[PDB]
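Read the structure below first, then the notes.
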Amino acid sequence: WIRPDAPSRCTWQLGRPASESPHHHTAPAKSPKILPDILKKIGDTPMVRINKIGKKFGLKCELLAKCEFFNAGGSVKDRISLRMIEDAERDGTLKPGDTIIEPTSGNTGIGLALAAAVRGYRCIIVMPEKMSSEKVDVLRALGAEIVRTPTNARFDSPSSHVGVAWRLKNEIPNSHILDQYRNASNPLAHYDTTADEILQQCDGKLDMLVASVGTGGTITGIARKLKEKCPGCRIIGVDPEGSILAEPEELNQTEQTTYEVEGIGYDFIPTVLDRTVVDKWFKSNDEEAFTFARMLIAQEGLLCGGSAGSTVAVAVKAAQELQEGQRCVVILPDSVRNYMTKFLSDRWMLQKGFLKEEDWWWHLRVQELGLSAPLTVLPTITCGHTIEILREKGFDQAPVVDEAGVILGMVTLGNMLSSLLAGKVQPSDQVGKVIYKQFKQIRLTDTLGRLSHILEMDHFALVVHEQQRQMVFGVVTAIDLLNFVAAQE
Amino acid sequence: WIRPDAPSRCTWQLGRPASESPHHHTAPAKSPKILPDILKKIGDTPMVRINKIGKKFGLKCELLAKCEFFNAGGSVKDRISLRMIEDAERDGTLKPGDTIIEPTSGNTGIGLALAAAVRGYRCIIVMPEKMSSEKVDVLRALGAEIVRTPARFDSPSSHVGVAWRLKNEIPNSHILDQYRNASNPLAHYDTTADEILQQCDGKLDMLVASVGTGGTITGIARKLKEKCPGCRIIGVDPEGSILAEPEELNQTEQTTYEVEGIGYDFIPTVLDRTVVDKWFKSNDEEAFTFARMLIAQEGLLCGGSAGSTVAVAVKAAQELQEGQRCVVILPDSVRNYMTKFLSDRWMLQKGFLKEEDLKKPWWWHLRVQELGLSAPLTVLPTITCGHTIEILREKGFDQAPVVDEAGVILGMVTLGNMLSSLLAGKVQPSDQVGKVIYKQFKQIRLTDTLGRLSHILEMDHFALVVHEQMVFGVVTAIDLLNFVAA
Ligand code: HEM
Ligand code: HEM
Ligand SMILES: C[S@@+](CC[C@H](N)C(=O)[O-])C[C@H]1O[C@@H](n2cnc3c(N)ncnc32)[C@H](O)[C@@H]1O
Ligand SMILES: C[S@@+](CC[C@H](N)C(=O)[O-])C[C@H]1O[C@@H](n2cnc3c(N)ncnc32)[C@H](O)[C@@H]1O
Ligand SMILES: *Cc1c(COP(=O)(O)O)cnc(C)c1O
């Protein structure tokens, strides 16, 4: 196994002629009238001027945006997913029918699974288990296969999202790992194509480039091509808090290492990353990322992700030094398609406490309902006798309780039923196995509004003795609320 | 108010020179290095050859795909949302700071909300109350405002009439009316069809398009019939829609289908059915199947309507021989359908997906007639909501049928629907219950599997046993559980 953070052996140095390069170099391509396949849609991404957000924050300059979400897969990684493969295919490293294994979650695995789906490669994406249903559904739809690795297990560990991919690589015939962190094809893709597009579209003239930093291939290749052909251009790198990628190290000091923004920042310094071509670094957080993302979507009509928001949130700061007549280009990595249920959802933004909006009987208290005396069950009775009673009284449940009255959980009918479809339970065995812990608990002193929210969300909430959370005062559903309302109106 | 199905007054006739046209005509545009705004990204969509699926089903011809999901909003409607506005803006009909009300829940609301967001118009989208979260979240994110309308085409309180009520009540408000507006088919007549002719060098022998409002297929078929006579135009209509001709094809039991964006109960103004050489009937199964097949094999990320288009294409293009060309229209992206046809769980829940891995419980192929269900308790449409709440209190169910005096069941009522409506303030305890009638509901019959029933009761809280149109009763989970665990 080789470490991705292993120091770079590249001898490239500013001033060295391009004739000395040992690598293979491609060029931006004239696109056909009719595309032979969807993969030809990758590249030649549009440059869109930012008209509102630039001026709103007082930028005297021109602010352009390089939109990589118009790539066939809806991310910048479609550039490298193509390149890394097209190189391997040339090298003789990659054969027809082979397997491509990658230790990635969502941003590269999509591009790779797409290219693999088009060209008939088996694709194996290895990642933690709780991966967002958007990315996971896209991958499964493209034909890729997923390996769930444990949520808590280290990078250096033998059971992680990465090491296990290497174990599969060794164990599975014809399997290859392109290794986006170590592969020179990653930054060479942007060095050869992206940076040339940016230079063509800007007529060779721009005074700043702002990019968010992930593996680092993008910002590296771009900054190198620019430093060569456009010296005056300053390169600005963006790093989330909790990441050590940014320089100097003093900026990297923080309490938590966890952030909600996807695609940028992780704990190690990849091989492909060149931090000597980055003129200045900026620290962003999740709040301004998502805020500026919503602002981009709303004001500019640009459908993009949170990393784009980070990039721009930094841009409005870094471009203040720029005056009138100059130009600043930002990199917008991906689309909103992956974040449909995350930063795009107001409920989610509220839950994490980012925007946190404010909130005739709405402020009336649940107490006014005057509910029934609960039917609770022992963990220990059969599922048959269980749904026998729940059929008798037309109630759907239990707080599942111990002998002391302590709540051990809850159980509902539908849960039982799906547990039966899976065949993991049968009427004989104890109900204590089917305990449903994923419901929500709210109680007497709570507002009827929050309850209402849960009632359009779920089937029920659970009134607990106010100051004893292990105690059950009663069970609330929509029918008793409708009872209250229809009663006093 | 004007009806969308009102007959077309257009005097356009095949053979008439283009110099006689009273309308305004644009042309496909050379795009800049740097786009001044995102709206310039609309158009010049790529044409991608279909290499696998064509040959797999035995097509001797070339099958190309016009991908409209690469538009800035991720749908074909971005073309018209632009046009309808750009015309109004020119006409003096549309002023800066105005309000654009549209009663569509379709992609048009997205395109319009985007253009409105970019150009600073207030946007009001009026639609039903279910409305799968993707579209709704996109709209709210773009700055648009939503009105929930608890669906009926010519009703006074619907997704459309109330938009006209707002149009009258709100200053500077306009309704572009995608069904009646000539800008809709003119957008495709002027641009899309010219793109298709440029990319195909003026030669193609068939075009297959799914039919929604009909502006697309109309404008395209007209431009083609003019400049490429040999090209046959093939229209696609879901089952439950009457758009297809002849009328004999439109015969079906249910009028409800899961595919979004195509087929209607009415014939829109902009639709010209005299330029369509042949029509084909598609269903939801082959739509979603071919959509998954497009994504998997061709790497094309698209929607279910695309699947319908292609599912028809592999049939219609069989007449084509080697050397010819067939072009299909792919309307939208998978972005709206992330939790619907893209989800395996959902595909299973609706019964489209294939069942076995080769073993499962014995009651699976038993049927619900064995459950021994009792008589349903029916509610009148004229009853008061509070009364419903009383009866349904005492009996203790979460749902009841809404049926008129003549015996025909107009629908179902669920507590979540009543609560949802009340929280919006669109219903009161003294109101008609006929307001909260819930017309989208799932049917399992007497003779259908206990398995299908199970999948149903994983989607939703009920389904409804019917002896043949007639009924039997209402089924929920606890009867299944009671039967099995017995
Ligand atoms: C005149 C220009 C360049 C020269 C002469 C050059 C030369 C080299 C050399 C000698 C190596 C060592 C390979 C090894 O030790 O196994 C290397 C590696 C590498 N180069 Fe370059 N290079 C040039 C430009 C670039 C550019 C423009 C990029 C990216 C945009 C790049 C990315 C890399 C990467 C990622 C490695 C791998 C380092 C490692 O595996 O540790 N190089 N290069
Ligand atoms: C030589 C070519 C054409 C001529 C002379 C023509 C003429 C007309 C005329 C006289 C009307 C009646 C306006 C009214 O009564 O309000 C009309 C309406 C209309 N035209 Fe055309 N037209 C031509 C081509 C087209 C094309 C190519 C399209 C679309 C692709 C189109 C779409 C419409 C629509 C949607 C209406 C509205 C009909 C209604 O509101 O009931 N026309 N046209
Ligand atoms: C008869 S049930 C009807 C079906 C409804 N979906 C439900 O499960 O509550 C509705 C009434 O029973 C009450 N209820 C539900 N679960 C209960 C439980 N485990 N113990 C006592 N009352 C319960 C509710 O609060 C409501 O007043
Ligand atoms: C008592 S309810 C308990 C709550 C459950 N969620 C429900 O609505 O069915 C369950 C029993 O009532 C039946 N049921 C539900 N709605 C019905 C109605 N409208 N007419 C007759 N039986 C009904 C079910 O089929 C089942 O046998
Ligand atoms: C509107 C629509 C169509 C049909 O396009 P028309 O312009 O009505 O002919 C097809 N698919 C989707 C998803 C649509 O929204």
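General remarks:
- Within straight-line reach of A:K283, meaning a Cα separation under 19 Å, sit the following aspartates and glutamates at least 8 residues removed in sequence or on another chain: A:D239, A:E241, A:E247, A:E249, A:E250, A:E255, A:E260, A:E262, A:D267, A:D274, A:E321.
- Cα-based Rg and Dmax for segment B:366-486, where Dmax is the largest Cα-Cα distance (Å): 14.8, 44
- Hits among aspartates and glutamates - C-alpha to C-alpha of A:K169 under 15 Å, sequence gap 8 or more where chains match: A:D98, A:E102, A:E145, A:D179
- Summing charges over all other residues whose Cβ lies under 14 Å from the Cβ of B:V379, with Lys and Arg as +1 and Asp and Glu as -1, gives -3.
- Whole-Hz ³J(HN,Hα) from phi, Karplus 6.51 cos²θ - 1.76 cosθ + 1.60, for segment B:250-260, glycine and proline x: 7, 6, 7, 7, 8, 9, 9, 9, 7, 4, 9
- Dipole magnitude of the protein assembly as shown about its Cα centre (Cβ charges: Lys, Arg +1; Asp, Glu -1), debye to nearest 20: 1980
- In sequence order, calculated HN-Hα J values of segment A:120-131 (Karplus, 6.51, -1.76, 1.60; Hz; x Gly/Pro): x, 8, 6, 10, 10, 9, 10, 7, x, 7, 8, 4
- Between amide H atoms placed 1.01 Å from N, distances below 5 Å from A:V401 occur with A:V377, A:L408, all of them 5 or more places distant or on a separate chain.
- Peptide A:423-435 is shielded by partner chain Cβ atoms: per residue, an average of 1 of them sit within 10 Å of its Cβ.
- Taking the charge dipole of chain B about its Cα centre, with +1 at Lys and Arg Cβ atoms and -1 at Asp and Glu Cβ atoms, the residue from B:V402, B:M459, B:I234 reaching farthest to the positive side is B:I234.
- Which of A:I100, A:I479, B:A144, positive extreme of dipole for the protein assembly as shown (C-beta unit charges): A:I100
- With a cut-off of 15 Å on the backbone N, the residues of segment A:283-309 near the modelled label site 7 Å out from A:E255 along Cα-Cβ are A:286.
- A protection proxy built from the mean count of other Cβ atoms within 10 Å ranks the segments B:118-124, A:284-290, A:9-15, A:33-39, most packed first, as A:284-290, B:118-124, A:33-39, A:9-15.
- Per residue of A:384-391, other chain Cβ atoms within 10 Å of the residue Cβ number 4 on average.
- A:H24-A:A422 pseudo-label distance in nm [points 7 Å out on the Cα-to-Cβ vector]: 4.6
- Between B:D277 and A:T380, the distance separating the two model label sites (each 7 Å from Cα on the Cα→Cβ line) works out to 7.8 nm.
- Of A:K41/A:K352; B:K340/B:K439; B:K33/B:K95, those spanning more than 28 Å from alpha-carbon to alpha-carbon: A:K41/A:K352; B:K33/B:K95
- Neighbour-limited loop hits for trypsin sites (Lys or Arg not before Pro), segment A:201-309 (at most 14 other Cβ within 10 Å; DSSP other than H, G, I, E, B): A:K205
- Averaged over residues, the count of other Cβ atoms within 10 Å places the peptides A:174-183, A:48-57, A:373-382 in the sequence A:174-183, A:48-57, A:373-382, highest first.
- Peptide A:70-78 has a mean of 2 when you count, residue by residue, the C-beta atoms of other protein chains within 10 Å of its C-beta.
- According to the calculation over all Cα-Cα pairs in segment B:25-179, the P(r) per 5 Å bin from zero is 2, 9, 16, 18, 17, 13, 9, 7, 5, 3, 1, 0 %.
- Computing FRET efficiency as 1/(1 + (r/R0)^6) for A:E392 and A:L350, where r is the C-beta to C-beta distance and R0 is 35 Å, gives about 0.30.
- Looking at segment B:318-357, the GluC sites (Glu not before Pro) that sit in a DSSP loop and have at most 13 other Cβ atoms within 10 Å of their own Cβ are B:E322, B:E355, B:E356.
- Each label point was placed 7 Å from the Cα along the Cα-to-Cβ direction; for B:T449 and A:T151 their separation is 3.4 nm.
- Placing unit charges on the Cβ atoms only, positive for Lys and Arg and negative for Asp and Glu, gives chain A a dipole magnitude near 1140 debye about its Cα centre.
- Within the straight-line cut-off of under 14 Å between alpha carbons, the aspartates and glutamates reachable from B:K52 are A:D37, B:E62, B:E298, sequence neighbours fewer than 8 places apart in one chain being disregarded.
- Counted residue by residue at 0.36 nm each, then reduced by the alpha carbon distance between them, the extension gain from B:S31 to B:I2 reaches 6.7 nm.
All Cβ positions, even for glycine, are placed from backbone atoms using ideal geometry, and neighbour counts span all protein chains on display. Bear in mind these aren't lab numbers, they're just calculated from the coordinates by the rules spelled out.
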